[PDB]
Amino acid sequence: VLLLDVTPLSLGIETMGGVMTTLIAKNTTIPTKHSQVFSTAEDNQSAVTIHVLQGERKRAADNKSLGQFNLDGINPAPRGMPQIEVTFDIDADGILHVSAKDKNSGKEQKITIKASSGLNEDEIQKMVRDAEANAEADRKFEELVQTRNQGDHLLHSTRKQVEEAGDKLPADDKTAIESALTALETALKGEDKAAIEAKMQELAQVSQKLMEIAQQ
C-alpha cells in the first residue's frame, strides 16, 4: 500500500486531576482497539464520567473534547477497587466507539464518535506545535497533578483511619494528625507542588500511632 489510515493525534479520556490519559497513541494504524481498566476516585463513588479527548497536551482542558457519557450504578466499594473497563475501538471507516464496562455491576455505556469529529488538519498541526512549545509546562502540570492525587488519597485514607481508630487514638496524636490533614487539604486547593509535599511530610511525621493502630 502507498498510504495508511493512521491517527493524527492521541485519543483518550480525562482522568483524576484534570489530566488526559491516552488510550490510542498518535500514529496508530486503524482499525485498532484498545482497553484499559480504570476505577473510582473516591470510596462509594456511584458513577464515572467518561470524557473522550483528542490531542497531545497533558491538561484535559487543553485537548479537543470529542464527547462524554456517564456510567452509573457502580456499587459501594473502597476507592480504586471497582473494575471499570474503558475500550476505544476505531473501525475500518475511522468511526470511534468508546465504551465503559463496570465488571462489578455488569452495567455498560458507550458513545459513538464520527470519523469527521475532532480537529481539522490545521488545528492538528497547531496542536502538535503547541505540545512541542509547552513540553516543560505540561511536564510540570503532570507532576503537580500526580502530587495533588497522592495527597488527596493520603488525605482520604487518613480520615478513614482516624474515624476507625476512634477512642483508641490518644487526644494529642489525634490533634497533631487532624492539624496536618487540614493543612494538606488547603495545600491541595493550591498550585504549589512543594507545599503539598511538605504537608504530606508533616502528616507522615505525626501519624505514627495511627498507622500502628490501623495495622493491629
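By rigid core we mean the largest C-alpha set that fits within 1.5 Å across both forms. Note that residue numbering follows the sequence shown and begins at 1.
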{"query": "Stretch departing more from the displayed form, 179-187 or 145-153, Cα RMS in 9 other deposited structures of this protein (core fit)", "finding": "179-187"}
{"query": "Stretch with greater C-alpha deviation in 9 other deposited structures of this protein, 96-104 versus 76-84 (rigid core superposition)", "finding": "76-84"}
{"query": "Selected stretch [higher average CA B-factor]: 117-125 or 131-139", "finding": "131-139"}
{"query": "Residue range whose averaged C-alpha B-factor is higher in the record, 31-39 or 158-166", "finding": "158-166"}
{"query": "Largest Cα B-factor, entry values, listed residues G55, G151, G67, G190", "finding": "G190"}
{"query": "Residue selected from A60, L184, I50, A176 by maximal Cα B factor", "finding": "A176"}
{"query": "Ranked C-alpha temperature factor of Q83 among modelled chain residues, by third", "finding": "lowest"}
{"query": "CA B-factor ranking of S105, expressed as a third of its chain", "finding": "highest"}
{"query": "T15 by Cα B-factor - lowest, middle or highest third of the modelled chain", "finding": "lowest"}
{"query": "Among modelled residues of the same chain, the CA temperature factor third for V206", "finding": "highest"}
{"query": "CA B-factor placement of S99, once the chain's modelled residues are sorted into thirds", "finding": "lowest"}
